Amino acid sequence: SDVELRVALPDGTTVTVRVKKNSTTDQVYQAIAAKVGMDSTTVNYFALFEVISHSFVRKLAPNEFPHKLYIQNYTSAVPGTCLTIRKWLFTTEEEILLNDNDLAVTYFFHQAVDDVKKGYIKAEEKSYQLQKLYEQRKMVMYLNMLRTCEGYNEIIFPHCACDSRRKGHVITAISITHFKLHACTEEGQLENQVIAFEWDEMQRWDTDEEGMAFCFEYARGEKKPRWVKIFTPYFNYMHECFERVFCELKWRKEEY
């Protein structure tokens, strides 16, 4: 049938692609990557996401149909589209290897600036020095500095209920270094406690479609393995994050 799809890019522009109506996310993604000029190396570093809210975007699963999501969230107004291209990478050294690829650097740079604006990357103490690199468009230098801040390449999920808290919610934060749960109220106001699970402690993990839950079983210190249920509507994205983190850990090619 062939239909139109608009997708937002990290530099704040959008691209339009013609695709078959029933294209799945990877087919749309490859059509976009070719159109914007990604090569065989760079294409592995980005993915298709849906804008859920101002503060959260969720990765499209392989069995989704991006045209369905597009039409369903479409209006005559709406600043663009709910589909967006974002980086999909937890290991920051792999992206340092791309400092000589203009496309990658540009996309990494624009998404990082927006991720600072939104609070994901805690860059406050060097806000001025980053701002002058931003002003001079010293993109690699800006990124080389920013990659040393807290929250670079961390996925933060919206607060939700957890079966291992009597009262209150958790905000989960997934990075290459560990899986973190931040305690907060049922409103989403940060309490002040943080549990940090090492990936080595992770025994198994799973989803519960019926119960709308992501589950993980951890073994800590010396105690018996235990299951924790996080009641997030984004259990499939969370599950994809675990799969991706262990993949990047196996293929880690650096001691630092």
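All residue numbers refer to positions in the sequence shown, first residue = 1.
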Averaging C-alpha B-factors over each stretch, which comes out higher, 38-46 or 190-198?
190-198
Stretch with higher mean Cα temperature factor, 16-24 vs 233-241, is 16-24
Residue of maximum C-alpha B factor among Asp102, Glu93, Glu154, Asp115, per deposited coordinates
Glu93
From the entry's CA B-factor values, the highest among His159, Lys138, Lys167, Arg147 is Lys167
Looking at the C-alpha B-factor of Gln203, is it in the lowest, middle or highest third of its chain?
highest
Lowest, middle or highest third: where is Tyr74 by Cα B-factor in its chain?
highest
Using the B-factors in the PDB entry, rank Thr84's C-alpha atom against the chain and give the third, lowest, middle or highest.
lowest
Taking the C-alpha B-factors as the PDB entry records them, is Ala123 in the lowest, middle or highest third of its chain?
highest
For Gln111, return the chain-relative third of its C-alpha B-factor as stated in the PDB record: lowest, middle or highest.
lowest
